[PDB]
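Everything on this sheet refers to the single structure shown next.
Which chain is which? They are A, B, C, D, E, F, G, H, I, J, K, L, M, N, O, P, Q and R, in the order written, and residues in each are numbered from 1.
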Amino acid sequence: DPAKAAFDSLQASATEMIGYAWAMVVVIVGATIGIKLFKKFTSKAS
Amino acid sequence: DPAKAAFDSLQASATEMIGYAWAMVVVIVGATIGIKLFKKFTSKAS
Amino acid sequence: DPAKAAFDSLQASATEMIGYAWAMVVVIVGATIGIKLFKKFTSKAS
Amino acid sequence: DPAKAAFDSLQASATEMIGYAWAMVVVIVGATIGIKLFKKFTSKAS
Amino acid sequence: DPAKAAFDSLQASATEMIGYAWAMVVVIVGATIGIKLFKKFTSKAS
Amino acid sequence: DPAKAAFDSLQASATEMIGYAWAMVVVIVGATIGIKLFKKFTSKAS
Amino acid sequence: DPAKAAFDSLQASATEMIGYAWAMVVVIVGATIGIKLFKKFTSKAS
Amino acid sequence: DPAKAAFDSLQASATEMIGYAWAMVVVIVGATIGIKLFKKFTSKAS
Amino acid sequence: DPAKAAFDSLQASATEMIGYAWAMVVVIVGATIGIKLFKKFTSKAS
Amino acid sequence: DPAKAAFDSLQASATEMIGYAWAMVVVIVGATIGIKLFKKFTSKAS
Amino acid sequence: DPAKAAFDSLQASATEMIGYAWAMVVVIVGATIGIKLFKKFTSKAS
Amino acid sequence: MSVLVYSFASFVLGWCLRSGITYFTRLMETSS
Amino acid sequence: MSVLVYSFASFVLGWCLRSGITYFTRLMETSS
Amino acid sequence: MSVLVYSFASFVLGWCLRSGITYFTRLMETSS
Amino acid sequence: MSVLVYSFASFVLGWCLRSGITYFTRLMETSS
Amino acid sequence: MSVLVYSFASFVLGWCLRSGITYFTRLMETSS
Amino acid sequence: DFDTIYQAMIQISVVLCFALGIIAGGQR
Amino acid sequence: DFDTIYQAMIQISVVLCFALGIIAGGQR
């Protein structure tokens, strides 16, 4: 089927893209939560 | 891949930006806590 | 179904993630409450 | 009608997908609200 | 109904947590009031 | 209408859900206010 | 015009759908705001 | 224009709605401030 | 060009629509910010 | 470019709007701080 | 390939647009954060 | 240009009908 | 006008099925 | 490549006209 | 009905892959 | 499969260019 | 063949209007 | 040729339903 072939090719490309997205998210979220905790603990200690 | 180059530039920009954000937070929080402690200790000493 | 396999992997990831989140919350809240009680009891005893 | 047939087939596929979505939502929301209540009651009791 | 079950489980979890919260509050308040009365009666007697 | 049946099921689910939500809120708020008053009256009596 | 005819038919279907949507919104928003006011007044009175 | 009539009805509805919102806010705020002042003056007089 | 002609016609229609949208926004935002300031100043004065 | 002219108009509007916003903030904050200081100094002097 | 050619032309147009967007964002965000800090420091100093 | 005219008219109809509800919800939340 | 009728019916089906979940999440968050 | 040029031009026109309003609302909310 | 089957399958694949990340971000924010 | 390859490449280009700005705004708001 | 194209159009249309429905529904 | 058009339609369709899926998924 031409359409089965289409979906199969799409799956490969999508898998790579999801891989890149996971890498970005980790770095950004690391920073965000880091800053949040810094602000929190500094204020409680003071 | 046409998109591979694009992803690399994003990675680089994000690293630099995380760097700048840490610098700003330190300065703002320094001021906030400074003022808080000033108010506290002045009143207890009086 | 082409999508059945995909859904199963999501289920698995979500279970594990809920596990990690419970671990983090315990540690943060432990600290917060600890500091609060320290401040309280020290002042009442003095 | 070719279009009546189309809509009829769509309905079946959509019913299955809605079934999977309800399963995911339950687990995630369980955790979210659980953590929220933990944070709330811990602070009031302290 | 997938949602009825969800709500029922949440209510049960919340009931247990309210139970734990009542236990903690009793212990903290016991201590606070205890210290207060100690300070009061000691000074009036002497 | 193909969609008429669909809308009726939504209506029914929403009615039931509003019912469950009212039950939960009562229990949580009961606890919150209970603890608040306990703390208040114990301290005034002492 | 074939396209004028198309738009005219669309208008009828859209009018019915907007009717159903208004019915749903009323019920949900009633509940939401009800719970909000309950939480507010209970806390002020206590 | 096919859309001109539609826009006029929106305008009309928005005017009426702004009217209703002003009525509600007055009643809620009346109550809130009333309770606040009651609590304040009763305690100062005692 | 058939496509240059298309874009030129679109521009005219879009200009009218943007005109209507600006009218709506003014009225709604007027009310929103009005109510916000009312709530704020009433509470500070009390 | 068909879009170049459009971008320039956006730039101009944004500059003017930033101007108006600074004017409003000054007036609101003036009032807020004014009332705060009034309440504070009146009570300390009494 | 006709499609390779298409993507190549798109890239050029997209690069220009991203350039304009970066210019706008800088000005708006400058103002937003400026006002935020003004409100914050004014209140802490008072 | 009939197609363009009547397809754009169809976008503006959907924008108006929905935003009606966006305003209800907003005005309500704030008032209460 | 069969195409129009059955394509619009397909939009309204997707709106209903999802909004069901939007209401669950909302009612839950507020209640707790 | 006329089609591409004039269709992209049509995306950028819609982005600009709306974002104008996004900035008004934002600047207003914060200022007040 | 091959086209329908494989196009719907392609919608559900995109819904699953992204929502994975939506859950990470959420669980993280709340926990911390 | 040229069409698929180059149309998907065009989705990923738009995702990257915009998200750049999403990160700027976020990091800024939090830092301040 | 014209009929092949015709059927395809209908099938794609139905799915695309479902997806836009779903997106409309999750708007808070 | 009809077949060229046919194949193109299928290919574009698959990608467009993926993108709408992605958008649906990031709705909180």
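Some points to look at:
In this text, contacts are C-beta pairs under 8 Å (C-beta built on N, C-alpha and C of every residue); 3 or more make two chains touch, one makes a residue touch a chain.
If you want to know which protein each chain is, UniProt gives these names: L, M, N, O, P = Tail virion protein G9P; Q, R = Tail virion protein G7P.
Note on connectivity: the fewest chain-to-chain touch steps from subunit D to subunit N number 5.
Comparing each option in O-R, P-R or M-Q with O-Q by residue number, the pair that reproduces over half of the contacts is P-R.
By count of C-beta pairs in contact, O-Q exceeds the other of the chain pairs O-Q and E-M. Put simply, the C-alpha centre of subunit E and that of subunit F have 22 angstrom between them. Mean C-alpha position of subunit A lies 28 Å from that of subunit M. Once the centre of each chain is set as its mean CA position, subunit C and subunit R turn out to be 39 Å apart. Each chain gets one centre point, the mean of its Cα atoms, and the points for subunit M and subunit O are 18 Å apart.
In subunit H, the residues touching two or more other chains are 1-3, 7, 10, 14, 18, 21-22, 25, 28, 36.
The set of subunit Q residues that touch two or more partner chains comprises 7-8, 10-12, 14-15, 18-20, 22, 26, 28. In subunit N, the residues that reach two or more other chains under the touch definition are 6, 9, 12-13, 17, 19, 23-24, 27-28, 30-32.
For subunit L in complex with subunit G, the residues that touch the partner chain are 2-3, 6-7, 9-10, 13-14, 17, 20-21, 24-25, 28-29, 32.
Interface residues of subunit G facing subunit M in the complex, by the touch rule stated above, are 6, 9-10, 13, 17, 24, 28, 31-32, 35-36. Contacts from subunit R toward subunit P in the complex involve residues 7-8, 11-12, 14-15, 18-19. Put simply, subunit I touches subunit H in their complex at residues 16-17, 20, 23-24, 27-28, 31, 35, 38-39, 42-43, 46.
Within the complex formed with subunit R, the residues of subunit A that make contact are 2-3, 6-7, 10, 14.
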